[PDB]
Amino acid sequence: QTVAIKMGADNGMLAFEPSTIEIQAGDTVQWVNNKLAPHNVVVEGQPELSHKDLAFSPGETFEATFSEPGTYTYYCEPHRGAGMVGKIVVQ
Ligand SMILES: [Cu+2]
């Protein structure tokens with residue numbers, strides 16, 4: 001299935017929302033540029049699931065399919081210092 005994660009929280013925080021999500025192996029995650037762009041997504045240790053190019057416009061989306069179970073930490077480069085870091089748990 002496909003699950004969505006907002007980049008920039010609805011309340012104005014520099015965060016992914018939800019900041020932690022659990023999915024099943026084979027599921028696709030779609031990140032959607034929400035507020036306080038630009039943002040990107042670097043998945044630690046996983047260059048193939050990462051999207052280093054910045055997203056500037058609201059609604060811009062990009063996806064990654066997680067085929068291996070495990071816990072993945074990811075972050076937004078420009079806002080990493082502000083705590084914009086997320087976690088994906090693949091069951
Ligand atoms: Cu960001």
# chains A, B, ... in the order shown; residues from 1 in each chain; ligands from 1
$ residues_around --residues "residue 46 of chain A" --least-positions-apart "5" --cutoff "12 Å" --atoms "only C-alpha atoms" --output "PyMOL selection string"
chain A and resi 41+51-52+64-66+68+71-75
$ residues_near_ligand --ligand "ligand 1" --cutoff "9 Å" --atoms "only C-alpha atoms and all ligand atoms" --output "PDB file with C-alpha atoms, in the first residue's frame"
ATOM      1  CA  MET A   7       7.208  17.456   5.109  1.00  0.00           C
ATOM      2  CA  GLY A   8       6.560  20.375   7.489  1.00  0.00           C
ATOM      3  CA  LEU A  14       9.923  21.713  11.111  1.00  0.00           C
ATOM      4  CA  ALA A  15       9.082  18.031  11.355  1.00  0.00           C
ATOM      5  CA  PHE A  16       7.847  15.089   9.293  1.00  0.00           C
ATOM      6  CA  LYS A  35       4.899  23.724   4.902  1.00  0.00           C
ATOM      7  CA  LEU A  36       8.223  25.526   5.331  1.00  0.00           C
ATOM      8  CA  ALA A  37       9.903  24.251   2.176  1.00  0.00           C
ATOM      9  CA  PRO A  38      12.377  23.504   0.981  1.00  0.00           C
ATOM     10  CA  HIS A  39      12.887  19.974   2.205  1.00  0.00           C
ATOM     11  CA  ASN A  40      14.596  16.763   1.024  1.00  0.00           C
ATOM     12  CA  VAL A  41      14.874  13.232   2.488  1.00  0.00           C
ATOM     13  CA  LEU A  54      15.229  19.812  -2.688  1.00  0.00           C
ATOM     14  CA  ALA A  55      11.446  20.110  -3.041  1.00  0.00           C
ATOM     15  CA  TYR A  75      16.262  13.459   7.840  1.00  0.00           C
ATOM     16  CA  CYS A  76      15.837  16.719   5.969  1.00  0.00           C
ATOM     17  CA  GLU A  77      19.302  18.197   5.266  1.00  0.00           C
ATOM     18  CA  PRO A  78      18.569  21.925   5.563  1.00  0.00           C
ATOM     19  CA  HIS A  79      16.462  21.414   8.734  1.00  0.00           C
ATOM     20  CA  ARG A  80      18.417  18.599  10.368  1.00  0.00           C
ATOM     21  CA  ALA A  82      16.194  21.952  13.916  1.00  0.00           C
ATOM     22  CA  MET A  84      13.573  17.440  11.266  1.00  0.00           C
ATOM     23  CA  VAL A  85      14.301  13.725  11.484  1.00  0.00           C
TER      24      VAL A  85
END
$ closest_residue --among "A:50, A:61, A:2, A:34" --to "residue 22 of chain A" --atoms "only C-alpha atoms"
A:2
$ atom_distance --atom1 "atom CA of residue 47 of chain A" --atom2 "atom CA of residue 12 of chain A"
28.5 Å
$ select_by_dssp --residues "chain A" --states "strand (DSSP E)" --output "ChimeraX atom specification"
/A:2-7,16-17,20-23,28-33,39-43,51-55,61-65,70-75,85-90
$ write_last_selection --atoms "C-alpha atoms" --output "mmCIF file, in the first residue's frame"
data_model
loop_
_atom_site.group_PDB
_atom_site.id
_atom_site.type_symbol
_atom_site.label_atom_id
_atom_site.label_comp_id
_atom_site.auth_asym_id
_atom_site.auth_seq_id
_atom_site.Cartn_x
_atom_site.Cartn_y
_atom_site.Cartn_z
ATOM 1 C CA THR A 2 1.095 3.673 -0.163
ATOM 2 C CA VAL A 3 1.285 5.824 2.997
ATOM 3 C CA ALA A 4 1.826 9.595 3.020
ATOM 4 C CA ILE A 5 4.170 11.628 5.195
ATOM 5 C CA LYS A 6 3.981 15.434 5.291
ATOM 6 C CA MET A 7 7.208 17.456 5.109
ATOM 7 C CA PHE A 16 7.847 15.089 9.293
ATOM 8 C CA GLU A 17 4.250 14.135 10.210
ATOM 9 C CA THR A 20 7.349 7.774 13.208
ATOM 10 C CA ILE A 21 5.308 5.401 11.010
ATOM 11 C CA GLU A 22 5.226 1.609 10.747
ATOM 12 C CA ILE A 23 4.578 -0.067 7.399
ATOM 13 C CA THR A 28 5.630 2.584 -0.580
ATOM 14 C CA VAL A 29 6.051 5.803 1.365
ATOM 15 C CA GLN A 30 5.101 9.068 -0.353
ATOM 16 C CA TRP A 31 6.516 12.287 1.103
ATOM 17 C CA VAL A 32 4.415 15.437 0.371
ATOM 18 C CA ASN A 33 5.851 18.961 0.650
ATOM 19 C CA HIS A 39 12.887 19.974 2.205
ATOM 20 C CA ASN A 40 14.596 16.763 1.024
ATOM 21 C CA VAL A 41 14.874 13.232 2.488
ATOM 22 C CA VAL A 42 18.070 11.383 3.184
ATOM 23 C CA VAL A 43 17.501 7.835 4.472
ATOM 24 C CA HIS A 51 15.826 11.982 -2.563
ATOM 25 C CA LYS A 52 18.615 14.529 -2.131
ATOM 26 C CA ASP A 53 17.174 17.100 -4.535
ATOM 27 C CA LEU A 54 15.229 19.812 -2.688
ATOM 28 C CA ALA A 55 11.446 20.110 -3.041
ATOM 29 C CA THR A 61 5.767 14.487 -3.818
ATOM 30 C CA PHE A 62 8.349 11.727 -4.194
ATOM 31 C CA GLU A 63 8.297 8.121 -3.105
ATOM 32 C CA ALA A 64 10.409 5.186 -2.026
ATOM 33 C CA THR A 65 9.475 1.502 -1.717
ATOM 34 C CA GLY A 70 14.140 -3.005 9.686
ATOM 35 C CA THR A 71 14.085 0.470 11.250
ATOM 36 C CA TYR A 72 15.174 3.369 9.027
ATOM 37 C CA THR A 73 16.090 6.851 10.241
ATOM 38 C CA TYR A 74 15.817 9.696 7.724
ATOM 39 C CA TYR A 75 16.262 13.459 7.840
ATOM 40 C CA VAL A 85 14.301 13.725 11.484
ATOM 41 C CA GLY A 86 11.890 10.800 11.069
ATOM 42 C CA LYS A 87 11.708 7.040 11.521
ATOM 43 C CA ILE A 88 10.148 4.362 9.333
ATOM 44 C CA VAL A 89 9.674 0.873 10.858
ATOM 45 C CA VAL A 90 9.201 -1.830 8.196
#
$ atom_distance --atom1 "atom CA of residue 24 of chain A" --atom2 "atom CA of residue 67 of chain A"
8.4 Å
$ atom_distance --atom1 "atom CA of residue 48 of chain A" --atom2 "atom CA of residue 10 of chain A"
28.3 Å
$ select_by_dssp --residues "chain A" --states "helix (DSSP H, G or I)" --output "PyMOL selection string"
chain A and resi 47-49+80-82
